[PDB]
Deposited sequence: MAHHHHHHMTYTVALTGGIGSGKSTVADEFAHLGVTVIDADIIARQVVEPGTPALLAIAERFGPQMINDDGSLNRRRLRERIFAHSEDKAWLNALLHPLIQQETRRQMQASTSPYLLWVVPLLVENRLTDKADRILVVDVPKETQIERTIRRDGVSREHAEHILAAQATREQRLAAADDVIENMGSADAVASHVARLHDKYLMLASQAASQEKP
């Protein structure tokens, strides 16, 4: 099934762009969003996390208290391995369930890392480094110090652009951005049909 890899540095707007493709009928696969769904209120994985570390891991609205989980993980690196063993298999299953359950002409695979050989096409969401730094501050509420260092750990802008088949500058007017997404959608639709034959 035709697959487009969506990638881009932190704060470039991957989620907003993927959400626009989603409103066009495209199946989006994002393990970051699936990981938060397998521990949503009432799920077995959240119960297990609470059974293990205590009810304080569940906040007033029945959702995971990620502050206390971070602290626990930070104080006991052994719990990260158990958390992985718990969640990783649930993310794999829910990833395949969404693939197998897709009737869309093509599939959008959100992948922050770059896994460039697994997809039929690579779409890079790009913005200037400064824009990356600010949009991180207001989206996550973190500090810039932490933002610069998160950005240092990732691939460089030139690296992403060099591996891209298509690029979308998530800057300027949203309408223009959404229009560019629609044009790419039409392109990918055609590449999917071509591939089918």
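- By the record, the deposited chain contains unmodelled runs at 1-9, 124-127, 211-214, with no C-alpha atoms placed there.
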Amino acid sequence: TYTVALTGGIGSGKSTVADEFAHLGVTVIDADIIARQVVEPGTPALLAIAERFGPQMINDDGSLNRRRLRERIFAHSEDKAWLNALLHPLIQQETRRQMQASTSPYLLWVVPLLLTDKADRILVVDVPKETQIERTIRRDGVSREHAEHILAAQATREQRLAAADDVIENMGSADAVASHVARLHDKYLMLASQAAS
From here on, numbers count along this sequence of modelled residues.
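Under this definition, the rigid core comprises the largest set of C-alpha atoms superposing within 1.5 Å between the forms.
- For the pair 49-57 and 30-38, rigid core superposition yields a higher RMS C-alpha distance in 6 other deposited structures of this protein in 49-57.
- Superposition on the core shows that, in 6 other deposited structures of this protein, the C-alpha atoms drift more in one of 84-92 and 105-113; this is 84-92.
- For the pair 142-150 and 37-45, the record assigns the higher mean C-alpha temperature factor to 142-150.
- When the C-alpha B-factors of 55-63 and 130-138 are averaged, 130-138 comes out higher.
- Ranked against the other modelled residues of its chain, the C-alpha B-factor of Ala75 as given in the entry falls in the lowest third.
- In this PDB entry, the Cα temperature factor of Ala195 sits in the top third of its chain's modelled residues, the highest group.
- When the modelled residues of the chain are ordered by their C-alpha B factor, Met99 lands in the highest third.
- The deposited CA B-factor of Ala162 belongs to the middle third of values across its chain.
- Per the deposited record, the Cα B-factor of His88 falls in the lowest third when ranked against the other modelled residues of its chain.
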